[PDB]
Every structure is written in C-alpha cells, then in structure tokens.
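Given next, in structure tokens, is a single chain: the form deposited in one PDB entry.
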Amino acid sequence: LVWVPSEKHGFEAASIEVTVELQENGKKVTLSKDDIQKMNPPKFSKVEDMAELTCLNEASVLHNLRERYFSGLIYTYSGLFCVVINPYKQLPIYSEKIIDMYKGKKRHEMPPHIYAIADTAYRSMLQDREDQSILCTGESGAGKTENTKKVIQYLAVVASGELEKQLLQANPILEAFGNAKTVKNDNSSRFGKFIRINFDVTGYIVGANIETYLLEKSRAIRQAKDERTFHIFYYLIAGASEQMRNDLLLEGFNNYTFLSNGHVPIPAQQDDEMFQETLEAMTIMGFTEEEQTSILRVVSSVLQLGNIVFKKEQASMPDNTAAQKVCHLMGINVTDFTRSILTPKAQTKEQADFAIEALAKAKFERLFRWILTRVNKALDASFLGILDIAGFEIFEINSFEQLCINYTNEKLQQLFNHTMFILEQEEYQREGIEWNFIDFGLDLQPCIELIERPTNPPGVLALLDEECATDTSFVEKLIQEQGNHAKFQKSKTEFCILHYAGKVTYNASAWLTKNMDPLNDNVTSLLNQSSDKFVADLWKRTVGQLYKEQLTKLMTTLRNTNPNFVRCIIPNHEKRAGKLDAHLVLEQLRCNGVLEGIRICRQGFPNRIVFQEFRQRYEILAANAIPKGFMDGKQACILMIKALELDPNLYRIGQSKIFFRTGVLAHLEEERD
C-alpha cells in the first residue's frame, strides 16, 4: 500500500518506475518511483502532531489533515507551529467551558487548539520572562481573524473586569469600520493589525494597544462586482433610527453612488442587527452617545461626498444639494467648499471628481485612525503580540493596495522561514551542538528585495517613489530596472510579481497618485476649522515609504519576541464548508513551508531546556541520579539523563541547555505524572 499522485485528490492510496493499482478506481497505473510516497500505519489516524508521523511526506500530511478535518478537528500541531483549516461552519469547540479545559494545559495534555497556542504562549511569557507573539498566516479567507479573535478571547478569560469586557469589543468595533465583503471573504479585514496585550509581572492583563496597517481607503468610493464597502456604511444605512436617518440626512442603498453594487446582502448577517451590535460595542468601549453620532455623521458625509456631481463645458456642479448636505454634515460653508473644490487654478470634471474622491478616502482613513486611537485610549511588564495581517489576495484587478498587502504576506512568510530554519540552526551551533546546517531551500529575500530595495538596485516601491510622468511611464522604468529579476514578469501599465503564494499581475493605474495621496489643502483647511469639533479633530513621505517604516518597526518588535505561527489553510475557494480542495491545500502547505517546518522539527532538536530546569522538573524521575549536595547543572543533567537511560540520539548537551528531540520532554512529562 502506498501514496500515488492524483487529480481529484492530491494523492491516492495504491498498492505496489512502479506499477500500482489504485484502491478507489482500481485502475492499475504505472508511475515513476519518485512519484510514490509511503503511507503510514493505521496507528497514525489523525495524529495531533505530524512531527510524530513515521513517514513525513506531502501525501501523509495532506491525509492526516483531510481526515481530522472531516472528523471535525481543524487544529493540528505540525512540529513547533500549528495548522488550522477553515471549517466554514460553526463547531462546538470555543465554549468557555472548553477555555477552562485548556487552562494551563501543556500542548501534549490536550488536543490541538488555538486556545493551547494562546495559553502556552501565555505561560511561556511568564516562564521565560520573554515577550511572546502569536502570528496567524493565511491567504485571504483562511481564518487569521477568527483565530486571532479566539486568542484574545482566551487571554481575556484567564488573566483578567472592564478592560477584558472592552478588549472583546475592540474588533467588533474595528471590523465595522475596516472590514468589508470581498469576493474572497465576506468579513474581510481591509487592514492589517497587530494587537499587543500588556500584562503585569503577575501575569494579569494590564493594557492593550492595537496598531493597524494599510487600510484600503479606495474601497470607500468603489467596489468590484459582488463586492461591498466597509460594513459600517451598510450598517448605518440599514439600521439607523428614523430620527438619525434624517438627522444624518441619510439616503437609501441606491441613492448613494459610493455604494457601487447597491445593497449586497451578506450570508448570515443582518445589517440592522450589526448596527445595534456595533453601537453596543462602541458603548461598552466607552464611546459617548455624541462620539457615536459624530462618528456615524462622518460616515454619512463620506457617502454624501460621493453624490456630488460635476459637469463639463472647466467643471461646474449645477446641483449643489449634495455639496450642501456634505457641508451641513461637516460644519463647512457650501460656497467656500464649492469654491475650493471647483477652483482652489481651474478644475475640470475629471479633476473635480478626483479631489472629492480623494477627500472621501482621506476622510474615512482619518475616521478610522481616530476610532482606533479612541479605542487605544480606552484599552490603555510583558506583552503578547497577536498579528492579523491582511491576507494574500489576487483579485481580478490588483492595484497598489494588493501589492502592499501581498508584499507584507511575503514578508511574514519569510519571517517564518527565517525563524523556523535559520534561527533554529543558528542557536544549535551557537550552543555548541553537533550540528551540520541544512539548507531547507526556502528564501523569499529576492522578491522581498524586488519590492523594498530602497538603495542600490531600485525596487518596485522605490522606483515608484522616484517616479512621482505617466503611471505607465512608471511601469516602463520598473521593467528596465527589474524586468529580468527572477520574481518579475513583463505583462495596460501591468506587470507580474511571482509572490511565494502565487503570481499576481498588478495594474499600475493611478499608482503615482495613490503613492502621493494628494488632497485639496483648500477644502482640507475649511475642515481644519469646521464649526464641528469632531470634524476639526479629524483634521487637526510617500505612502509606500511610510508603510516600509511601519512594517520594519513591526518586524523588529516581532524580532524581539518569541513567535508562534498559526498557519491558516483555506479549504476551498467556494466559501464552502466540508469541501477540502486537496490541491489548493497542497499548494498552501507548499509555500508555507509546513513540510520543511516539520522536517527541521524532526531532523533537529525543537525542545531545549536549561540544565537547572531539567534538573528540577525531572530529578524526581531519577531521585538517586544526582549527588546529595552540590551538583552543577550540566553534570547533574548528564547524570539524570544517564539515570533515565535516554538514547543519545534523543538529545544534545549544549553550553547552557540540553536540546531534546520532538516529543521527548513530552514523554518525560507524562512519566512525571
């Protein structure tokens, strides 16, 4: 019996170039030897930790995952890291009762769960007095958020009671203004986010600070088919009280042009419901009724901006109604506004339209930054970062937003590679372990440099910053500079980047403008001194550049924390539950380095404890192991190990600690009880 490749399923069971006979079709086939992969004994049905597997190959991992999946188990430890496959359905596994069952539990004492990741990260923090970070990876839709949300849910329920109560409102609020339905995801985060929870030396939660990245402002004014803008718009429009309806001078879903595809209903969501849900959370978060109405008022103005209309001839808006409403909602002067918009320098429809849009997006980006800020005020020894970035996406038309998002995903995958494979081995040699380096063949440096290479060989981002000159002109130079670059491909101002997750063909249209983010300082000032305080508050070098900075500051913070990767796999592309796309899964398992991540956890020594700790934790397993009196950590360990009759292959004695093979300490622990 063996694993042979297959179309329907990544691999198929077949009994033995080689000529086997498929167990399903029965059809006898003749395939190369290198195409066959060994099956594992039935004893390995749904192993919780695939490092355990006797045979570790794509075929066995995929199988182990497929099985647990349809068995309702979506979490599977794979070496150090963990894998999660979107159930796309509700599962009875996130109760509070279960949070209890997982309290202070060791990874090996409980089936794989995001709670375990949360908890073990928690303890490890106190245990080694080192800042921790749980990093969720995954293509758009995989599950990064549902899981980030579970980690916070768990932590709030164990170390906290207001803070906790509000902590659990952070996302419900943020999601409402920064999430939106994309073809890939209905509740898609259109902005990355690093939630950092602060604890005291005791271990109790003390603060919490949320940092967000790359908010897709553009979505505020346009969305592709079957796509809708930020939830909050649909929420307010659909659930505002009649008095607010006309207080905000709100319209209908088809009275607003920024609402591209009018009202696009969500699966299992009710806008009117979510609106009260949002107001409830804002309430809990501590927002005053006026803070909330002021926020909702800004949302409305952003929609009304879209209704303004300019005509050709310069450009002139015959109908100022919208311009009137907008100003009414902004505490601005209709004529001062109309003037600053139509002539700050003559403006044509084309440029009048732009300015208005630019303002819309700018107005929203700030309302978000504000809400976030306010949330941070209300939420504010050791910290536990949690990173829910915007997942890799390849939409029909990929703009500058997607480049940044996917670039960040490439940056995160690399962080995984580095940690998992480089840092791992570095520590080996550094601690003096008999170890010969293993090039696991996983490096994204190239592509990453092809984008963020500031100096020396100009990269996409910097070439642009330079560019700002047609957008197309940008593409032309980008080619002449990169063109050949391995992870580059000439294509309408389009080009292709071969991201680890796949080949994305970008469209540089408007990129120059997008990277500059030009506002109409005229109207901009008007708002700066709006009769309305909130507005005024809201309005009290290049984008690419700004991001690079923020990203690096993050990577660094992350660099100074013990990372815990949770690899989220998307099962299918039909937002369907119970449909595991064997190949979509295999591909994901591939670019995530999951197999290489399990090999190193096997070929190396994942666990590693300091002499003393090993001595105290397991001296009981060999009481008559160490001399009665003073016994140096090292010699003491060496004694105990001998006393335990540990196979020398199972460990290594480094300078300051013993390195153990996967699951060795585990067994030691089990024996210990």
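One rule holds for the numbers: they count along the sequence shown, beginning at 1. Whichever C-alpha set is largest while still superposing within 1.5 Å between the two forms counts as the rigid core.
Beyond what is shown, the protein has a form deposited in another entry; the following relates to that form.
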{"query": "Listed options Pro87, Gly286, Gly502, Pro172; Cα moving by 2 angstroms or more between the shown form and the other one (core superposition)", "finding": "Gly502"}
{"query": "Core-superposed C-alpha of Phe258 shifting 2 Å or more between the shown form and the other one", "finding": "no"}
{"query": "CA of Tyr69, rigid core aligned, shift of 2 Å or more between the shown form and the other one", "finding": "no"}
{"query": "Displaced residue check between the shown form and the other one: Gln445, CA, 2 Å or over, core reference", "finding": "yes"}
{"query": "CA-CA separation of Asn560 and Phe605, closer or farther in that other deposited form than in the form shown [shift of 3 angstroms or more]", "finding": "farther"}
{"query": "Distance direction in that other deposited form for the C-alpha atoms of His63 and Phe605, relative to the displayed form (3 angstroms or more)", "finding": "closer"}
